[PDB]
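Written out below as structure tokens is the structure these notes cover.
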Amino acid sequence: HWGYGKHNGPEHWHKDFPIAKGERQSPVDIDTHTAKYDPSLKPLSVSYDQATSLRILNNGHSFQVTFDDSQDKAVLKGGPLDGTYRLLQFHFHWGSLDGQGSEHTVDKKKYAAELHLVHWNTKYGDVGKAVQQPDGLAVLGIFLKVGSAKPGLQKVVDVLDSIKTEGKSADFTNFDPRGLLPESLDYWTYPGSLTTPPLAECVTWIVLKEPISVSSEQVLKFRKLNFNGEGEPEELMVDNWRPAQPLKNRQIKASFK
Ligand SMILES: NCCCN(CCc1ccccc1)CC(=O)N(CCc1ccc(S(N)(=O)=O)cc1)Cc1ccc(F)cc1
Ligand SMILES: [Zn+2]
């Protein structure tokens, strides 16, 4: 039932998911002047060399690339995290126009899109159990700005025509997510939530300061996707982002001065 339209969008989600008005919801505005450098934070460890991508999928609210998480292949460690987090999937949020689309904002600035690499804490054994824990998931968030093309994204863009509508999937093997990462791993971190239902308060957010650049042609292909299933009125998959939520009793820490 939930979505991103006038009658089922983020302002309605609290009726089915009352945690939507909770104490650690995401996304948030990152006020760069109030985030405090935390010298105790460790460098992030992004170890993706052995990643095994499986499928690319239109799930009716985004498109996602799924990975084999049956083994410690692609893992996130370090930074604010205790333990090992396995990469499950990545997906994006994006806008109808280049001036909106990100979920997090930086000094109220919205980027054209935001990439989420979703990882779960292996001490909980499976992702369903991890979503029930305050430290169950770690999501690495990367902003997209429109400029030069990102070569490492093109293999994604070129297959989207084959998953236009909800439910459609395709083989998507041998995709290397390292090609989506910016140079710097400087980041902000705070405790938050899933940004789509069930909005569970289970996520350590790690948001990279450095955006990646993508071309207008690449993001325009995102905007050709469909929220609807095949044979239903065509509703473009655009503006599939939740707006910034109240920070409440939280501090955003920076890994960098
Ligand atoms: N209608 C949505 C169809 C499927 N959707 C949830 C289904 C649902 C809906 C309402 C109530 C219960 C369940 C996605 C899903 O299933 N995920 C991904 C969850 C997720 C990951 C990252 C972010 S993000 N944007 O990076 O913060 C947000 C959300 C795995 C999972 C596995 C086990 C769980 F118990 C829950 C989620
Ligand atoms: Zn997301």
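Index from 1, following the sequence. Order of appearance sets the numbers: ligands from 1, and atoms from 1 within every ligand.
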### Task
Determine whether any heavy atom of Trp120 lies closer than 4.0 Å to an atom of ligand 1.
no
### Task
Would you check if the side chain of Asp107 reaches a backbone N or O of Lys109 as a donor-acceptor pair within less than 3.5 Å?
no
### Task
Just jot down the ligand 1 atoms closer than 4.0 angstrom to any heavy atom of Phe17, in number order.
10 (C), 11 (C)
### Query
Is the closest protein non-hydrogen atom to atom 14 (C) of ligand 1 under 4.0 Å?
no
### Task
Heavy-atom distances under 4.0 Å are what count here, so tell me which part of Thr195 touches ligand 1: side chain, backbone, both or neither.
both
### Query
With the Zn ion (ligand 2) at the center, what angle do NE2 from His91 and NE2 from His93 span, rounded to 10 degrees?
100°
### Message
Going by ring pair (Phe, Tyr, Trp, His ring centres under 6.0 Å), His116 matches just one of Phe92, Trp205, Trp241. Which one?
### Response
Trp205
### Query
Measuring from the heavy atoms of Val203, does anything fall under 4.0 Å of ligand 1?
no
### Query
Would you say the side-chain atoms of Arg223 pair up with the backbone N or O of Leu236, donor to acceptor, closer than 3.5 Å?
no
### Message
Over 60° means perpendicular and under 30° means parallel, so tell me whether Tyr111 and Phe143 are parallel, tilted or perpendicular.
### Response
parallel
#### Entry: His116 atom (N/O/S) at minimal separation from the Zn ion (ligand 2)
ND1
## Note on the structure
Candidates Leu117, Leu194, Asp126; heavy atom nearest atom 23 (C) of ligand 1 found on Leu194
### Message
Between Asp29 and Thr105, is there a side-chain donor-acceptor contact under 3.5 Å, judged purely by atom types and distance?
### Response
yes
### Message
I'd like to check which ligand 1 atoms, numbered from 1 as shown, lie under 4.0 Å from a non-hydrogen atom of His116.
### Response
24 (S), 25 (N), 26 (O)
#### Entry: Residue, atom name and distance, where the atom is the protein heavy atom closest to atom 18 (C) of ligand 1
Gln89 NE2, 4.0 Å
### Query
Counting only N and O atoms by type, is there a donor-acceptor contact under 3.5 Å from the side chain of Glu103 to the main-chain atoms of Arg242?
yes
### Query
Which residue and non-hydrogen atom of the protein lie closest to atom 8 (C) of ligand 1, and at what distance in Å?
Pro198 CD, 4.1 Å
#### Entry: Closest protein heavy atom to atom 4 (C) of ligand 1, given as residue, atom name and distance to 0.1 Å
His61 NE2, 4.5 Å
### Query
Would you call the rings of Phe63 and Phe222 parallel, tilted or perpendicular, where under 30° means parallel and over 60° means perpendicular?
perpendicular
### Query
Looking only at heavy atoms of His91, does any of them come nearer than 4.0 Å to an atom of ligand 1?
yes
### Task
Could you say whether the N/O atoms of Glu103 and ligand 1 ever approach to under 3.5 Å?
no
### Message
Let me check something: do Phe256 and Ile252 share a hydrophobic cluster, defined by ILVMFWY side-chain heavy atoms less than 4.5 Å apart, either directly or through other members?
### Response
yes
### Query
Hey, are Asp49 and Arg178 close enough for a salt bridge, meaning a charged N less than 4.0 Å from a carboxylate O?
yes
### Message
Between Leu88 and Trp120, is the side-chain contact (heavy atoms from CB on, under 4.5 Å) condition met? List the steps.
### Response
CA-CA 7 Å; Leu88 170 64; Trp120 57 274; 4.0 Å; yes
### Query
Do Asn58 and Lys164 have side-chain heavy atoms sitting under 4.5 Å apart?
no
### Task
Could you tell me the separation between the SG atom of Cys202 and the OH atom of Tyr124, rounded to the nearest 0.5 Å?
10.5 Å
### Message
Students should be able to answer this: which protein heavy-atom is nearest to atom 1 (N) of ligand 1, and at what distance?
### Response
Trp2 NE1, 3.4 Å
### Message
I need the contact type for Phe92 against ligand 1. Using non-hydrogen atoms and a strict under-4.0 Å cut-off, is it side chain, backbone, both or neither?
### Response
neither
### Query
Given the protein's heavy atoms, is any one of them under 4.0 Å from atom 37 (C) of ligand 1?
no
#### Entry: Value rounded to 0.5 Å, distance of CD in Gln89 from CZ in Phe67
9.5 Å
### Task
Using a strict 4.0 Å cut-off to heavy atoms of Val139, name the atoms of ligand 1 that fall inside it.
26 (O)
### Query
Using the ring of each side chain (for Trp, its six-membered ring), is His104 parallel, tilted or perpendicular to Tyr190, with breaks at 30° and 60°?
perpendicular
### Task
Please answer whether the main-chain N or O of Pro243 pairs with a side-chain N or O of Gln245 as donor and acceptor at a distance below 3.5 Å.
yes
### Task
Consider ligand 1: state whether an atom of it lies below 4.0 angstrom from any non-hydrogen atom of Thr196.
yes
### Summary
The option among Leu88, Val127, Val118 carrying the non-hydrogen atom nearest to atom 32 (C) of ligand 1 is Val127
### Query
Do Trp94 and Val157 sit in the same hydrophobic cluster, where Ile, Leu, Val, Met, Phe, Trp and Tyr count as joined when their side-chain heavy atoms come under 4.5 Å apart?
yes
### Message
Heavy-atom contact check, 4.0 Å cutoff: does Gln132 meet ligand 1?
### Response
no
### Message
If we count only non-hydrogen protein atoms and require a distance under 4.0 Å, does atom 26 (O) of ligand 1 qualify as touching the protein?
### Response
yes
### atom 33 (C) of ligand 1 [closest protein heavy-atom partner, distance rounded to 0.1 Å]
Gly128 CA, 3.9 Å
### Query
Measuring to protein heavy atoms, does anything land under 4.0 Å from atom 30 (C) of ligand 1?
no
## Note on the structure
Heavy-atom proximity to atom 5 (N) of ligand 1, picking from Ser62, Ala138, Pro27, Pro197, points to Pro197
## Note on the structure
among protein heavy atoms, the one nearest atom 34 (C) of ligand 1 is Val131 CG2, 4.0 Å
### Message
Need the ligand 1 atom indices (1-based, order shown) with element for anything under 4.0 Å from a heavy-atom of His93.
### Response
25 (N)
